[PDB]
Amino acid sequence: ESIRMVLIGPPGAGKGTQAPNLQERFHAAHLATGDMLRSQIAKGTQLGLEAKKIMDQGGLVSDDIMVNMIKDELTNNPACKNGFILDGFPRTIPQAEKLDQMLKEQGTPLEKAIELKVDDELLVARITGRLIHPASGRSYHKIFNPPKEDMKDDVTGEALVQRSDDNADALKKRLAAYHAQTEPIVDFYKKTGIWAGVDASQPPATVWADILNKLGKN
């Protein structure tokens, strides 16, 4: 129950769905930069308000902002001493290089980078059917993964919402940004030898068993 890892995948691939599994199993901290940004928006902070406009256009928030955010969480979040699951970070080559240097100075290098590979065609249905519980970050899908109490988060009973960047127009922008900016990082980790690919087109429990097999832990 110590892992230091990155989850990489296109929008809707399943990072947020699998992260709880990894978190349970390894008692690692789940560091999800999308959720962090959405917290900023919810607190109504100036960073949150300017990030929202970029997020809804399917753009990427500045590397400087994102690196600083993660630097602080690694440094002064106690939970990141067990290990951590990075979800949505790094998202660009500069973020990947700077993370590399941060973890070198701390002497705690990444063990695995798991790519959740899934064709883009499948991603539209996942995005447009998604409901989230804003408070926990938990995602459901109207077709593929329903709440038992529909439109209600099961674990709190609290209402589910749609994400404001979860539409086909923004998603086209999101997918392009992923192929242009994020997908090069997979090669970076291939060169460092910590990459493993997973078939994220399978259903959740099957992807999870695939991830466990690929972490060398099952």
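All residue numbers are counted from 1 along the displayed sequence.
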* Asked: On average, are the C-alpha B-factors higher in 56 to 64 or in 158 to 166?
  -> 158 to 166
* **Stretch exceeding the other in mean C-alpha B-factor - 187 to 195, 65 to 73** => 187 to 195
* Structure fact -> Based on the PDB entry, the highest CA temperature factor among the options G129, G88, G83, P94 is that of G83
* Asked: Of the options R174, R38, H30, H27, which has the highest CA B factor as deposited?
  -> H27
* **CA B-factor ranking of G44, expressed as a third of its chain** => highest
* Within-chain third of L212 by Cα B-factor, per the entry -> middle
* To do: Within this chain's modelled residues, let me know which third the CA B factor of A135 belongs to: lowest, middle or highest.
  => highest
* To do: Using the B-factors in the PDB entry, rank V124's C-alpha atom against the chain and give the third, lowest, middle or highest.
  => lowest
* Asked: If you rank the chain by CA B-factor, which third does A79 end up in: lowest, middle or highest?
  -> highest
